[PDB]
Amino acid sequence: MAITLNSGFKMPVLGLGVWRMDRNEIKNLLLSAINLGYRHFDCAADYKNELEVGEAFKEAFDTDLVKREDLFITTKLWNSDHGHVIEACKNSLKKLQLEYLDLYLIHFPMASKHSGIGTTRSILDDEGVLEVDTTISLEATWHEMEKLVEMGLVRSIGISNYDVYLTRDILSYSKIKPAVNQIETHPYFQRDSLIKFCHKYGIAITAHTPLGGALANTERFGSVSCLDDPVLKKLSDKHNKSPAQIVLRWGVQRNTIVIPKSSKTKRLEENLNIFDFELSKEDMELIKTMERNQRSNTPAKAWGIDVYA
């Protein structure tokens, strides 16, 4: 299934994220994911694997595995390129070997010191604090995103990690409304108010970190993984589905788009196999009690600034 964006284009509700994929394995993983049925792929300039992603799509086309118009390809403008939107998008297209993108997102409501087109970096000052750019407004960046649509380079444009305040602001100054807000949300960070605000104004929600980040975010950020929660194990036993599949199905039934990442082809197939069962209202109501309002993914340590302060 798929959600129709306010741009008119349909966006598959289950995609594959490629952050932290082993760069020597992305080609095999993406070709295997496409073969299994994945059509939506979530990329980013600052994941620094767009080239390998592009090689995978090219081989999938060359071997008749899929056609370009059957894929929904997202990438993202990094913080260091808020003043170079046209060049950054064209560079993403070059690395991905694509003529157009289905979706292009402002990765964060943060601009930092430009580090060169094709070479995105979060530059720290000599005190270990992000060199924040205080010259380029989010609105100025957005009006350049709007030109990408007018030039035919991007079908739909949107935002990532915008809260209620920033989303209200872009709704006020945009000429083309954002099609998507990609935010962290999962059973421990359910964020009902922000999802409901975005939906009220026709903005679709993509749930990044849709599993809660599992072991990867426990190690990297110290977050608690929801996947061994007793609520999910009861539902897992009842539906004969894994806790991860319960969580992804839950995200789908909340009318969100979910983009789990796995480096294991066995889990690629598992995460995609969530359309042969359903969660009841009571099941959904149980998962609601899991809410902790606890963010897992924060760039505070990497940037030397707690942007959520």
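Each residue number is its position in the shown sequence, starting from 1.
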Do the C-alpha atoms of 69-77 or of 123-131 have the higher average B factor in the entry?
123-131
Residue range whose averaged C-alpha B-factor is higher in the record, 159-167 or 191-199
191-199
Looking at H82, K233, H107, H186, which has the highest CA B-factor as recorded?
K233
Going by the entry, which of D102, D228, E146, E139 has the most elevated CA B factor?
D228
Lowest, middle or highest third - CA B-factor, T256:
lowest
Considering only modelled residues of the same chain, in which third does the CA B-factor of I246 rank: lowest, middle or highest?
lowest
Would you please rank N181 by its C-alpha temperature factor against the other modelled residues of its chain and give the third it falls in: lowest, middle or highest?
lowest
Chain-relative CA temperature factor third for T298
lowest
Just say lowest, middle or highest third for the CA B-factor of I117 relative to the other modelled residues in its chain.
middle
